[PDB]
Every structure is written in C-alpha cells, then in structure tokens.
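Topology and contacts: notes
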Amino acid sequence: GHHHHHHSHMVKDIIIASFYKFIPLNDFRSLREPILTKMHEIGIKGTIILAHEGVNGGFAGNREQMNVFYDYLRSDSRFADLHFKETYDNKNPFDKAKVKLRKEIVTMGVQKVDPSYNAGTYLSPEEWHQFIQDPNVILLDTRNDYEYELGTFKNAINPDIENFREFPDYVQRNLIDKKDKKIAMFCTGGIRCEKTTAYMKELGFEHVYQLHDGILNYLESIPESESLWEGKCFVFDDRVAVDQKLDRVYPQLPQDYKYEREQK
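Residues numbered from 1 in each chain as written, not as in the entry; some residues may be left out. Heavy atoms only, no water.

**Quick look at the layout of surface pockets**
Which parts of space are left empty comes out when a probe the size of a water molecule is rolled across the atoms. Definition in use: Each cavity reported here is a set of points on a 1 Å grid over the protein atoms alone in which a 1.4 Å probe fits but cannot get out, each pocket an open set with protein on both sides within 12 Å along at least five of seven lines, and each lining residue one with an atom within 4 Å of a point. Grid points are joined across faces, edges and corners, and a volume is the space filled by probe spheres set on the points. Helix numbering and strand numbering both begin at the N terminus, where a helix is a DSSP run of H or I of at least 4 residues and a strand a DSSP run of E of at least 2. Domain start and stop points were drawn from an automatic or database domain assignment.
Roughly 520 Å³ of internal volume is contained in the largest pocket. For the largest pocket, the lining is made up of 33 residues, of which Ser18, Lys85, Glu86, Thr87 and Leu216 are closest to its centre. Within the residue set of the lining of the largest pocket, elements represented by two or more residues are β1 (14-22), β3 (54-61), β4 (85-89), α6 (191-203) and α7 (214-221). No other element matches the five residues that β1 contributes to the lining of the largest pocket. Both domains that meet at the lining of the largest pocket, namely domain 1 (1-106) and domain 2 (107-264), each give it at least three residues.

Here it is as structure tokens:
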C-alpha cells in the first residue's frame, strides 16, 4: 500500500523519468502549485517546466513514488498520455523539487515555431541507425558544446553552441544553401529536434529528419556492439552523463556540469 519497506528487485531502484508534450495549456500558470505540492508530498525530486505550449521535465523516485506521481500528472486529461521514459540509478540525481514557468518548454527564442507539422520527419532508432551511415547525410547534433564533447553519434557535426537559442543563427549562417540536402538531427530525449525540425521545415528545408525520443531511445534500442554512438551521453542532472548501458558514468564525472534543463 506504499507504507512498508520492500526493496525493489533492482539494485538501481531509483527511477529517473524524462518527458515532454506540446499541447496548449491556457491555465499553465495555475498548474505549478498543485504539481509542486504533490512533489513535496510524495518526495519526488526533479524539475518540471510549464509553458503555454506544453510541459517538459525530469524527475526521480522509487517505483511506489512514481506510481503515485505519474497517476497524479496524468489525472489532467491533457496529460493522460504523458510518456515517462525511464532510466535507473541507485541514487536520486536531483537535489530538490522545482516547477518553473517559462515562455517555452525548451528555449529556442523563435516566436511562432509550431512543432505540429513534424509528421514524416521522425526516425525510429532502427531507421536512424541505417540512415546516418550514409556519408552524404548531414548528421547534425542539436545539443550544446558541453554535450557534444562528452559523446555523439559517429560522424556527427557539432554546431558549437552554448545555448539552444543559438541554433537558429547556426542554421542561418551554415545550412541555408543546403535546403535540398538530407539533414538528420538528434538530441538527448527528442525535445530540441521538435523545434529545430519544425523551424527548418518552415524555412523550406525539404529533407530534415529527427531521432524519435533522442539518443536515450537509441541507446536502449540498439545493441552496444552495433551502436553508432561514441562516448557518453550528457544528462541534465547529478549523473552528468550515462554510458551505452544507460548507467551513470563511473567514476563520477565532475559536477560543474552545469545541469538543469532551463540552462539548455
């Protein structure tokens, strides 16, 4: 019933969820207090970002805690189908519960980017695996410089940006003459590519593709022996990065990360 100690079958019994959803939230400001209160009651640590355009977050707890909190979030009909993508550790990688209100759930700094009309641009990990072996594909990391340096897909280009809002300028100065080229984009869990792909499609890019649910989805789906992933995958929490097995890198990476998704 949740009030009895019963250790998980797993040694890594802390669940770390990552999620996002683009859906208009007219009352998004009024959701902050109820969600935050439930995090406090249940003992969830993590950061959830709310905006008019939707929700994004990462948070952690044991299975009993996640059962209660998933159910709570999903009790809003607009969130009934939130997909919590899980990785696991033996430590909670978040220091406290935070809910932030923002202009965007991930800040690219461009006014009318509609991530609807992204239909046809998503590649599953299996499709992606085949797609990005083509040396003629422009394989483009959408992540920040600190992320790229820890690890990336084989042959991936680094846009060398400090913040996601620098991405449109990168497109404008580097890719505008390449609208008819195959361009494949990826990030940690998919959220940034939702905006980059929509933004570029509108600009007239005809062959832009994005890795569905990002690097973490690929690492879970593709066996390590075949994987085109190199190095470690940066994450926006205490773990700093995870390896191909989606485990916290050991020994622990320096935690001047810096972390949370608001800096992204």
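**Observations regarding the sheet that holds strand β9 (residues 183-186)**
Strand pairing in a sheet relies on backbone hydrogen bonds, with the paired strands running either antiparallel or parallel. Short version of the rule: Here a strand pair is declared whenever DSSP counts at least two bridges between the two strands.
Read from one edge of the open sheet, four strands run β6-β10-β9-β7, paired in parallel fashion. Every interior strand has two partners, whereas the edge strands, β6 (122-123) and β7 (138-141), have only one.

**Description of the pattern of salt bridges**
Put simply, the rule is: In the sections that follow, a salt bridge refers to a side-chain nitrogen of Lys or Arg positioned within 4 Å of a carboxyl oxygen of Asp or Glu. Residue burial is assigned from relative accessible area. The probe radius is 1.4 Å, only protein chains are included, and a residue is buried under 20% of its type maximum, exposed over 50%, and partly exposed in between.
Applying the stated criterion to the full structure yields 19 salt bridges. Measuring nitrogen to oxygen at the nearest pair gives 3.8 Å for the salt bridge that ties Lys12 to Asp89. You can see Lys12 sitting in the segment before β1 and its partner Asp89 sitting in strand β4, a full 77 residues away along the chain. Since its relative accessible area comes to 22%, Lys12 is described here as partly exposed. Of the residues examined, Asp89 reaches a relative accessible area of 2% and is grouped as buried. The shortest N-O distance in the salt bridge between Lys85 and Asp213 comes to 3.1 Å.

**Structural notes on the side chain of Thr47**
We apply this condition: The contact rule is simple, with two residues in contact once any of their heavy atoms fall within 4.5 Å.
Following the sequence through the fold, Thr47 ends up in strand β2 (residues 45-51). Sequence-distant contacts of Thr47, that is, excluding residues within four places in its chain, are made with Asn56, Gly57, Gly58, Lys98, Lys100, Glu260 and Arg261.

**As for the nonpolar core**
Inclusion rule: The term nonpolar core refers to a set of buried residues drawn from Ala, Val, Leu, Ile, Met, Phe, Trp, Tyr and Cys, joined through side-chain atoms within 4.5 Å.
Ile35, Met39, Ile48, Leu50, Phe59, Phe69 and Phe84 are the most contacted members of the largest nonpolar core, which has 25 residues in total. Of all the secondary structure elements, the ones that give two or more residues to this core are β1, α1 (28-42), β2, β3, α2 (63-73) and β5 (97-101). Counting residues in each nonpolar core, the second largest holds 24 residues, with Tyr20, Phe164, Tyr170 and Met185 among its members.

**Some points on the UniProt feature "active site" in the chain**
Definition in use: UniProt positions are given in the numbering used here, feature names are shortened, and annotations may be inferred rather than shown by experiment.
Mapped onto this numbering, the UniProt entry gives "active site" at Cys187. The buried category is assigned to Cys187, whose relative accessible area is 1%. Discounting chain neighbours no more than four positions away, the residues touching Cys187 are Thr142, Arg143, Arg192, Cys193, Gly214 and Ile215.

**Some remarks on the domain arrangement of the chain**
A common measure of how large an interface is: the accessible area buried when the components associate. The test is simple: Buried area is a sum: the accessible area each of two parts loses on coming together, probed at 1.4 Å, counted once for each and added.
Annotation of the chain at the domain level lists domain 1 (1-106) and domain 2 (107-264). Taken over C-alpha atoms, the centre of domain 1 sits 23 Å from the centre of domain 2. Each partner contributes to the interface: domain 1 provides 26 residues, whereas domain 2 provides 25 residues. When domain 1 packs against domain 2, the two sides together hide about 2,100 Å² of surface, and 52% of this comes from carbon and sulfur. In terms of surface lost to domain 2, no three residues of domain 1 exceed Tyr20, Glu104 and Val106, which account for 29% of the buried area on that side. Here domain 1 is connected to domain 2 by five salt bridges. A salt bridge links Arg248 to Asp89, with the shortest nitrogen-to-oxygen separation between them at 2.6 Å.

**Things to note about helix α5 (residues 167-174)**
We apply this condition: The directions considered for the arc run from the helix axis to the C-beta atoms.
Listed in full, the buried residues belonging to α5 are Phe167, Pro168, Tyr170 and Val171. Taken end-on, α5 shows its buried residues confined to a sector of 160 degrees, consistent with a single buried face. Exposed and facing more than 90 degrees away from the buried side of α5 are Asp169 and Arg173. Buried positions along α5 lie against β7, β9 and α6.

**Quick notes on the sheet that holds β4**
The following threshold applies: An axis is simply a line fitted to the C-alpha atoms; with a helix, the fit covers only the stretch in contact. Between two such axes, the angle follows the N-to-C directions and lies from 0 to 180 degrees.
One open sheet holds the five strands; their spatial order is β4-β1-β3-β2-β5, and the pairing between them is mixed. Of all the strands in the sheet, just β4 and β5 have a single pairing partner and so form its edges. The mean inter-strand angle of the sheet, taken between neighbouring strand axes irrespective of direction, is 10 degrees. Packed on one face of the sheet, α2 meets β1, β2, β3 and β4 and runs near 165 degrees to β3. Lying on the sheet, α6 is in contact with β1 and β3; it crosses β1 at an angle near 20 degrees.

**Details of the pairing of strand β10 (residues 208-211)**
Stated formally: If you view a crossover with the strands going away from you and the path from the first strand over the helix to the second runs clockwise, you call it right-handed.
Pairing between β6 and β10: two bridges, direction parallel. By the bridge assignment for β10, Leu123 is matched with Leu211. Across three bridges, the pairing between β9 and β10 is parallel. Counted as the bridge partner of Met185 is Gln210 from β10. Handedness of the β-α-β unit built from β9, α6 and β10 comes out right-handed.

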